[PDB]
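[1] Sequence and experimental coordinates follow.
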Amino acid sequence: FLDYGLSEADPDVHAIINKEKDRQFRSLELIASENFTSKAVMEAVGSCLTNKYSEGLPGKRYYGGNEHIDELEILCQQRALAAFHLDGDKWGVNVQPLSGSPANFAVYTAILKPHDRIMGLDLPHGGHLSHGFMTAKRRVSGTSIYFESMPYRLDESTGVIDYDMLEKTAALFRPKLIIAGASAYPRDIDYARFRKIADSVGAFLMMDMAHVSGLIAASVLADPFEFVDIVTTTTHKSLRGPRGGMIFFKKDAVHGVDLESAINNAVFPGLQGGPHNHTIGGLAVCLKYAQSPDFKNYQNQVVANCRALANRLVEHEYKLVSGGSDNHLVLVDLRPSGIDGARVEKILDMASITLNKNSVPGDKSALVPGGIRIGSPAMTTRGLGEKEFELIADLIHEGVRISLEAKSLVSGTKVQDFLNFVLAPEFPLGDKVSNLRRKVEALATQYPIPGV
Amino acid sequence: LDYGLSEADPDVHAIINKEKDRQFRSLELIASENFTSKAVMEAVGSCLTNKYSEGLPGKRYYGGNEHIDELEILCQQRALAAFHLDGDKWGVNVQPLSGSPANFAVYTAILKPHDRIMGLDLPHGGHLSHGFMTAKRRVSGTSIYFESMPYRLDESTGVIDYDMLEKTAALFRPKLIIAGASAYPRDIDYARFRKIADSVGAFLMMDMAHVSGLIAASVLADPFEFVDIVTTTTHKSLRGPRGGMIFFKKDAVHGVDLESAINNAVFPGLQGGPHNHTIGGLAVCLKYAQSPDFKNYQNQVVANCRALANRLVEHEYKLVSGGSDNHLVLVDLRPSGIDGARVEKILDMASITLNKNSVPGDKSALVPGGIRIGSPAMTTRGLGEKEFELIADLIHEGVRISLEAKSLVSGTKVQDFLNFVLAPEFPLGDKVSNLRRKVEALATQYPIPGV
Amino acid sequence: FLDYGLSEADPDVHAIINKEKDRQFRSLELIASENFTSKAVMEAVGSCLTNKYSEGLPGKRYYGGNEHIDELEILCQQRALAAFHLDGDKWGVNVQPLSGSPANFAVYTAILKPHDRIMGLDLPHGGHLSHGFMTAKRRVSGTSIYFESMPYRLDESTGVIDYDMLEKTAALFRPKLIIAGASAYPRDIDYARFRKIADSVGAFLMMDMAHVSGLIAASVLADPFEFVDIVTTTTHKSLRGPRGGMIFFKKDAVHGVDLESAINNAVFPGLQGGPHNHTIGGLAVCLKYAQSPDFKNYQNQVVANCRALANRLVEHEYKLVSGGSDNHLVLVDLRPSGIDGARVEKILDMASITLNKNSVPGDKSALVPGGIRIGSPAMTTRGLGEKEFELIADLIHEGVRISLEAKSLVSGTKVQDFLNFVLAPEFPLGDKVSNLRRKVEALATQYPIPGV
Amino acid sequence: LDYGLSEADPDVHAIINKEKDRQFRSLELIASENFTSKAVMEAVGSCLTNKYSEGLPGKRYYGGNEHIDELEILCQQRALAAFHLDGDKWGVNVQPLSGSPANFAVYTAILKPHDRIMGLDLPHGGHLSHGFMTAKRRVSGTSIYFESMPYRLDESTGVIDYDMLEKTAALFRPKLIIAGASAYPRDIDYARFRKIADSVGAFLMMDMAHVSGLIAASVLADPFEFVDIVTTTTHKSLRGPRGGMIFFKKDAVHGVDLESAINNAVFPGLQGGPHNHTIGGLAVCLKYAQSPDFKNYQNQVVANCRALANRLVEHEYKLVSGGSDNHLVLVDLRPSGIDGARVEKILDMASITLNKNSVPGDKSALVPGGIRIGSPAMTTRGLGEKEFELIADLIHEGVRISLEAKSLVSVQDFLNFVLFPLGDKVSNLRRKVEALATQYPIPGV
Ligand SMILES: Cc1ncc(COP(=O)(O)O)c(CN[C@@H](CO)C(=O)O)c1O
Ligand SMILES: Cc1ncc(COP(=O)(O)O)c(CN[C@@H](CO)C(=O)O)c1O
Ligand SMILES: Cc1ncc(COP(=O)(O)O)c(CNCC(=O)O)c1O
């Protein structure tokens, strides 16, 4: 009967999407985990695929009516293996996980018993919550509730994974699973050394490639599939797809375990219910694109842009964690500047520069992020080049100077006092912020943005 | 160059068109399925997908969340409004990725590993996420991480066995009792669940996934009058995007601050970045959920199911519990001389899509004794009571064809039935075609929502 | 060098031991778990066997110097088997458990994983703490901390194990281990029924015979070894041995498990260190006696004496749980007598009769036990026969009468109002308690007490 | 009928007399052994064994325990005085049946299942009860119900690597850190342990099983100055009966009432009836432990061990950590070119009883590269420093025989061959061994 378009069915939600669309258009989106997915992905995601229940696997379902859903799921699997240059007799893939966090949890449920041991990169050193996180007070991450996690750390003087200390701690702790891959690690991973450490204790070895999956597909970074047993990823970051997840696994037995059975059973019936076939349609689209020469070019540009930005930030005298980057991000250490990342993040956000505060090695308190994380994928997608990334670094720097100036004016010491002060109409640096914003937007609006 | 899907990926475009077709010309009777709206689809296929927004509105871990926050706030208040809830008494988290993670997040919030849980037994119409163990394996993640024990229907009445639940709860001492089901054809006695829960100091939760739209429109009783926590999928009877929600009391329950424990279990506990495109779609469906049209829809859903239920009875089918108060029937096929698996397959060949389902009394999990049939999806397309009677007839014809096919197969292993019916010399293909003709003739008289 | 005897080395301890010896002598010891062990047992226990570390098993020890400890432990093992008429090719035994509770915990450790499911007789219905016990509000026994226990119960009227209900709850609960055996149960156990119920869920089946081991060995009660997988026991109580434990196990695989290796490994290196070879010495000695015609005699006397007492109590109109007993104990339901076990136990204690207050099926309050448990083995060891046990029944009866009269004089229903009443100098029933005590000590002091 | 043991059971009588003769004539050098007194054996071999006393003094299940209560109370106040403890600040539970259950009761009292524990690694002289896992199995029950990770010695010094424990404790976040060990020749830096425990909010426990007598006599440092909980065996250094004790602060520790928790874990948590015969002997041994004579014996323990160590140095053996502060030495036998397993059997055949013990640096933990040797037992019998120098020579002689025995063999085949040409040298060693030992008294009944 009536089936209005959005602008008619819900004018308020329509208006919100248009405001977000305009914010994306005019901003420098520098969140390392964000990207702009294509019109074609969004169209697959916003289709009738959302209507189908298809619990199980292709050909192996608990409902009728899944002929076309099976075709899509098979295609998406083939494309996943193709994008990562994988032999299908050696590697399988499950494309049903709903996001990165549940793809990881499904792996643990597949190969680990409750309270089995896991090692991942420490959260304050650039790791991800889903690999484990405990404070003195509480088990924060669900992974640390259901499993026993102990982190490994960077060498704080170099910003590089302290592989020698991991060698020793692994031997004492006896993890059943060692996880490589990170949220805010600016260097490539020594997969061979992980393999040697994992073998020293008979551990399973996994790479979580959520941040760098597109770079790996394009052969810009080293291939984790040469060394690891299991690879997890999100589909929304460097891969530039819909919000979702994937798990890849060896098909030959690993420590006597059939990883394919274990992982497919953990995803379903273990942890999830019906697959989101709309998300799978978008994933298939992005995985086609991931095989193209343009994508390889794009990913090489991501790294070149991040290098141009890193080099300019160094020229503005910023300290980078690890001294630089091999990938799509940099982590800036703002302690020498004398300001935290939460204050910087806000000022920059007010000038249309969106990044995130990020902890830094050496931070005294997790409640106070000492740095900022900046990535090139999103703005690279829009067509910015090396020179424009140098300008981004200059605009970031203007914003930090403004952050420092605004800090000096605030009475109270809480972040909430800063936020109230800087958002107040009578904020004295309103002109400096509006001036910066105009420059930020003048750059951003020169470029196209993908999407519907 | 940012091509449309037809140009960017014609192979995926083609598959989507085939599925649009299949939906158009089939009778979709899966009780958990529905056809979501064009407006929901437009929201889900928007630029909201691009944003990382960990945390909660105005308490985020990233910059740039002004409009994302507006949306999530609007989504929450529409959630509460759609269920007629006072926001001083009830809170909501709209970020869960689906039904299964909503439920796992609640367990994570209020239980410790190995704590005791009771939920409706899987073969008596329950859900895996509420606990399932066979003799030799813990199948559900709920039964890996927690200690589960089911409760059951009374097989003579097809109604939940409240008297037995009262007794088993007393012995097992669950910390959490879960009401709600996937294939239960009646309303739930919330007052009796509350009494049983209080009898052991257990948390009490309702999983309203299948029935949330009927509860919203006040067609079934209100769980929120009695339980502590309500979970749901945003798909199914709510007719939204694929996602989930968790509602909770704000007054402390057995001393626990449920708002804090639940929000923290969702993030940072179990999930990362919220799916804001899904949250957009959810907001759209929650607006619609408050409309008089949606109320009309939900009453039609019940009337359509009852019309189908009666005609199956006229064809002498046994229904679990003798009928239905809601959107579904569970057909006990044992007295028709055939299992659900054989029937599901033949019906699917005829463009009638439903599912095989366990029936209480089944001597074996591996042979489902019934089929579950639902009205929401075809009701959304505009079918009425007479049309549901015709559906009942077509199912009957299909079950007759299934019996005839079973007669011709040596093994009566299932794989044998399948090979037989799928072979090109399958001798009943004309009967399946003839049925299929009648099925599509009906379905293709009706519009279907979406982009 | 001055290695004095106890009288000189430690006069205070010597004096305490002597006072205890005299208390034992002038008292009627009717606690059903108690006995008087022999002089020969006490000599082995108080020997230089205490000096040796012998971690491991015979011929497979971590230390040197164990030729003679080996001989002893090998001999203890073959006497344990022989006393229970066990074929060594079907049954093995570990004689190192430090007591009854460590014996049971070693079995759990052997055959279960943490949080596995166990069913045992409910503590308020006469089971033991070590088989599982939880209040609404806490996990009291170690077994309920480390494992998931659910009790089964007696029938409220018959006094008997409600086998039918156990059939149904084990079906639902799916325990991995079912434990038969009780601390305060007056009937023999239907072992064939426990086997059927066990098999219906694939559970291991265990008997804890601590209270009845002597009766089983003398073939007075039915043989659990015909039907169960594992039997545990204390070496004290019914066996009249030193304070220790043993575990017996099938040597054929049970549900795919090698119990011998599992159980032995659990005991050592799992849970215990150096065996207490002095105690194994005393155990060997009691097991020789356990095979003797005099022990078989004594055990039939234990049952006859308990029946004599029971019958005389029924003449005095007392109600017995299950209307009687097939074993060494009787459980008196005092609810129809109008008084509880705690008031009765206390009066009886004031008159040198030691028994214990006991919960009865139906009791409203765990704080107010409705009964008393009475046992014959200790006094039967001293040489009492049936006519003496009939006299014991009359002495108890007089104590109940005194207890009733004391209750009627105290206005409180508060138990400490009762205690204050009975302990006051002006306590009106002082001469009645003195009179009863005279008769009690007059009976008791006619019989010897074994020991050094 | 109630015969004596020689009449009741001649075969057990005969075995006990053989074991008595073996103890009398041998050099008993197992570091964990001692010879307890006639007075302890008499208390342990008493009517005390008959009584059920579930609970605590005045707080029992059953009646008839007036004398059992008096006994336990006295035992507790002797335990506090033997270790110079203020009873307002410290309590003790004297019911644990041995060292292993004492420890497990502490874990049960203060930890939840799967909570984290760190103790000295087993191949580095630790104890099973503190945790032990291999690649393929959780060997200790401690490692099944709880999550253990070890800490290690610095292999170049033979001392605990406190810097490494500092770092690994920060990563692993143990809820309990355990100090104390079965084969560690040095005193412990309790102040450092406290510092490390505090860095992660952990409970800190000392297991003083091997060194309690030395601590009571003030020969080694006092753990009670720094730790929350002290467990011990009562055999070993303290020279008592076979049992355990747990000491605890009575001031709240990280908001835990340790007294209530530990008492409840012992009973009703894990054990039943106390072994009052054993508490009797313990009480006797704790009176002796307060005396001037005990203090002299413990100083003699340390002097004797130093005499042996220094003679084994003259004979050019390597000692793990370069000596000892205590009652034991750990000899590194790899530079002598033979393992501890072969040496142990040959020494035992000549009536020298010690044990094979791993060395920091073993390649396979199937092959111990060393031996542990202790002075407590022979010190109790009256031996001085000259005799421990003679013991050192006798061990030396037996090692030379073990090498020559290994030379005549070409791998448990060593045990086929010895059980023989070298019988004469084994027997000649034995004669001198037994000639030294039988010159001294032995305590006991
Ligand atoms: C290595 C890794 N693995 C898994 C995930 C989880 O993905 P999800 O947010 O889709 O659950 C992330 C997300 N990472 C987000 C969270 O900060 C980011 O902005 O970096 C990740 O970095
Ligand atoms: C520190 C510590 N804690 C606990 C125990 C266990 O005491 P138990 O054997 O009485 O259980 C020991 C015994 N240790 C034995 C093990 O070989 C020994 O010979 O040293 C111990 O050394
Ligand atoms: C009661 C109930 N709860 C939770 C879920 C899980 O929803 P997800 O599949 O999105 O995780 C379901 C799905 N049940 C599937 C069906 O009835 O067909 C359900 O029926």
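    Good, I have the coordinates. Residues are numbered from 1 along each chain as shown, chains lettered A, B, ... in the order given. Ligands and ions are numbered 1, 2, ... in the order given.
[2] For chain A, list the residues in contact with chain D, please.
    A:115, A:117, A:134, A:136, A:148, A:150-153, A:165, A:168-169, A:172-174, A:201-202 (Cβ under 8 Å from any Cβ of the partner chain). Bear in mind the C-beta positions are built from the backbone N, C-alpha and C, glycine included.
[3] what about 10 Å?
    A:114-115, A:117, A:119, A:122, A:134-137, A:148-153, A:165, A:168-169, A:171-174, A:200-202 (Cβ under 10 Å from any Cβ of the partner chain).
[4] Which members of these are classed as buried?
    A:114, A:117, A:119, A:122, A:134, A:148-153, A:165, A:168-169, A:172-174, A:201 (16 or more other Cβ atoms under 10 Å in any protein chain shown).
[5] With just CA atoms, put stretch A:61-69 into CSV.
    Extracted in CSV, the C-alpha atoms of stretch A:61-69 (Å, rounded to 0.1, in the frame of the first residue of the first chain):
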residue,chain,number,x,y,z
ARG,A,61,20.4,-24.3,5.9
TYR,A,62,17.6,-24.4,8.5
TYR,A,63,14.9,-22.7,6.3
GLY,A,64,13.4,-22.8,2.8
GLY,A,65,14.0,-20.1,0.1
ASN,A,66,17.7,-19.6,0.2
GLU,A,67,18.7,-20.4,-3.4
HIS,A,68,19.9,-16.8,-4.2
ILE,A,69,21.3,-16.2,-0.6
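[6] what comes up buried for it?
    A:61, A:62, A:63, A:64, A:65, A:66, A:68, A:69.
[7] roughly how far apart are the third one and ligand 3?
    I take that to be residue A:63. 7 Å (Cβ to the nearest ligand atom, to the nearest Å).
[8] Wasn't that residue part of a helix?
    No: applying DSSP: H, G, I helix; E, B strand; the rest coil, one finds residue A:63 to be coil, outside a helix.
[9] Surely it touches residue A:70?
    No: using Cβ atoms under 10 Å, residue A:63 is not in contact with residue A:70, being 11.6 Å away.
[10] which ones are touching the nearest residue to residue A:208 once chain neighbours are set aside?
    Spatial nearest neighbour of residue A:208, excluding adjacent residues (Cβ to Cβ, 6 or more residues apart in numbering or on different chains): residue A:181 at 3.6 Å. Contacts for residue A:181 (Cβ atoms under 10 Å, 6 or more residues apart in numbering or on different chains) come out as A:104, A:120-121, A:127-128, A:131, A:189, A:194, A:206-213, A:224, A:228, A:231-233.
[11] Which of those residues are buried? Put it as a ChimeraX command.
    To isolate the buried members of the contacts of residue A:181 in ChimeraX, using 16+ other Cβ under 10 Å:
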select /A:104,120,121,127,128,131,189,194,206,207,208,209,210,211,212,213,224,228,231,232,233
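[12] any shared contact partners between residue A:63 and residue A:70?
    Common neighbours of residue A:63 and residue A:70 (criterion: Cβ under 10 Å, 6+ apart): A:54, A:56.
[13] nearest residue to residue A:274 other than its sequence neighbours?
    Using Cβ to Cβ, 6+ apart, the closest residue to residue A:274 is residue A:53 (4.6 Å).
[14] and that neighbour, how many neighbours does it have?
    By other Cβ atoms under 10 Å in any protein chain shown, 25 other residues sit near residue A:53.
[15] part of a strand, is it?
    No: counting by three-state DSSP, one finds residue A:53 to be coil, located in no strand.
[16] Against residue B:387, how distant is it?
    Going from residue A:53 to residue B:387 by Cβ to Cβ, to the nearest Å gives 22 Å.
[17] Quickly check: stretch A:62-70 near chain B or not.
    Yes: interface with chain B: stretch A:62-70 contributes A:62, A:63, A:64, A:65, A:66, A:67, A:68, A:69 (Cβ under 10 Å from any Cβ).
[18] Up against ligand 1, what does the stretch 1-150 of chain A have?
    Within the stretch 1-150 of chain A, the positions lying close to ligand 1 (Cβ under 6 Å from any ligand atom) are A:33, A:99, A:100, A:101, A:128, A:130.
[19] could you redo those residues as a markdown table and give each row secondary structure?
    Below are these laid out as a markdown table (three-state DSSP):
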| residue | secondary structure |
| --- | --- |
| A:33 | coil |
| A:99 | coil |
| A:100 | helix |
| A:101 | helix |
| A:128 | coil |
| A:130 | helix |
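[20] Return the closest of these with respect to ligand 3.
    Ranked by distance to ligand 3 (Cβ to the nearest ligand atom), these are led by residue A:99 at 12.9 Å.
[21] Many thanks, have a good one.
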